[PDB]
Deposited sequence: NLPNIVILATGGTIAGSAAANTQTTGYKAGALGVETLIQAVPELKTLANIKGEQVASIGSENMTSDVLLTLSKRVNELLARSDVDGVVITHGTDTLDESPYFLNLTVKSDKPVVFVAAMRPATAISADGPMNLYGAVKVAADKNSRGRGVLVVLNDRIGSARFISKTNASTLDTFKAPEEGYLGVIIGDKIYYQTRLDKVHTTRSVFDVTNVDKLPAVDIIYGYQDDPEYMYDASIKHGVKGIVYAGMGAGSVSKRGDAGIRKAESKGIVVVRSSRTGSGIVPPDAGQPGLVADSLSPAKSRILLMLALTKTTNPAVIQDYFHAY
């Protein structure tokens, strides 16, 4: 009679130890309170720092997620993950998961052996959220610090705080307070069941690099991407994707070689607006790191700029 939730562990600080790494079965054991929310099965997809998360491991994760959500005896899925790269992995699965069932990413800033470690509660909130049927159809979820954020908006905004994960402009989809879920907001983009993206039959994703925008920014960074035959480049623009004349050169250069370039921003938030005056596609409100994921996945369907641009406004 209780929901059947699978915890796929991938590593991260939620799984570390010290005197201030640890497998899935322990994370579960450190919170016996999980018993009261779901029947839990644990599975170890990887044990790496999320900084070392790569498109390849994401292909395995995504495939295993869809494989499990296809099952009649799996109600939702909770994914244990680091925070340094939690910007990208949930957005990946938001684009790539074929189910309506809850996929929920959980993480912690303090390791399990820290004074007032956030992992235990984050995990509890994440399983509770996953075990809720009202949690379906919401897109991939990101749960830490009592907040349920959308994979499309939520990112790490502070380097070291427990409350890092924010989306200033779009808030949190909802909230977990006093052992109650409080949904307030619904993502208004294409995701999960409605997404045209399918990585089920993909062995390898196209390479996509990220170039920063800044005063005196080198044109030779683009030459690198161009040389190594990268498929896409995400410019992390000054302000609203603004390019200097080196950005301009580098980008236009890349574009003649058939490299799809998307101008995002280095600011943290907001719309990069369309502009005939500048080269490259526009990222809408997509962060540089999430733009990479969308571009990377977009480059498995098409190379067409207007089409991909279309994705960038809808996804």
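Unmodelled region of the deposited chain sequence (numbering from residue 1): 21-30 only.
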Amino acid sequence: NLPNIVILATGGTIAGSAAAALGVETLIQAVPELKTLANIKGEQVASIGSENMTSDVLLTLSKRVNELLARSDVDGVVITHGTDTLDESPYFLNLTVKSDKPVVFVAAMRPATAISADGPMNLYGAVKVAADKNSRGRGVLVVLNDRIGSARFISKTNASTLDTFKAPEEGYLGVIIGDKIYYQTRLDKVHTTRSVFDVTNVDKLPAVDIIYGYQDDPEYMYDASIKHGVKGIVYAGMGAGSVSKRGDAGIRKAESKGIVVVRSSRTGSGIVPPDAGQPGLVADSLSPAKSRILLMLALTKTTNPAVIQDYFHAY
From here on, numbers count along this sequence of modelled residues.
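If you average the C-alpha B-factors over 67-75 and over 170-178, the higher value belongs to 67-75.
The stretch with the higher mean CA B factor, choosing between 76-84 and 202-210, is 202-210. In this PDB entry, the Cα temperature factor of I28 sits in the top third of its chain's modelled residues, the highest group. Per-chain ranking of the deposited C-alpha B factor places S265 in the middle third. Ranked within its chain, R152 lands in the lowest third, by CA B factor from the PDB record. The deposited CA B-factor of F197 belongs to the middle third of values across its chain. Ranked by Cα temperature factor within the chain, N52 sits in the lowest third according to the deposited record.
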